[PDB]
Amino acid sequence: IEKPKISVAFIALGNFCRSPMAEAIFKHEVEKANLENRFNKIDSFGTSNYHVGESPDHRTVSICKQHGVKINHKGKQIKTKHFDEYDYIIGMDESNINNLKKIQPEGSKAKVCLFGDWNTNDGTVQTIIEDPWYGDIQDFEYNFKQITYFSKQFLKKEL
């Protein structure tokens, strides 16, 4: 087939604040655009195992609920083997990218990229989805705006 079903994995450090939000929003945008048929797996993970088994940060959940975006997730860690199970392994910031590239096996199919690679750079949003941990609910809302923006760009540019 010329239009293969795509598998996407969103990565952050804890799979607690940003990546579960990225997965939730991306699935939401796929559904709104009736593009389910173009995707196999859409998941989120963390480079660390610090929040394995836990539901997302209450602030990420509150932001998703405020926008009417469903979210249901338990923390999980990205592994070297996953690089052959996903077409895109998308990090939030450069520190995520650094770690992913160091565990990326040679020849694996996944393309490691920054979600912000899909930014238009037209000034609407910043490219790096910054860790909101030490910030507050506004930083989480901004991550939501960034992720929604890149999700729509990704759907328009990669399919």
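One rule holds for the numbers: they count along the sequence shown, beginning at 1.
- When the mean C-alpha temperature factors of 93 to 101 and 121 to 129 are read from the deposited coordinates, 121 to 129 comes out higher.
- Stretches 105 to 113 and 25 to 33 differ in mean CA B factor, with 105 to 113 having the higher one.
- In the deposited entry, the Cα temperature factor of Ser44 sits in the bottom third of values across the chain's modelled residues.
- For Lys70, the recorded CA temperature factor ranks within the highest third of the chain's modelled residues.
- Sorting the modelled residues of the chain by their CA temperature factor places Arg38 in the highest third.
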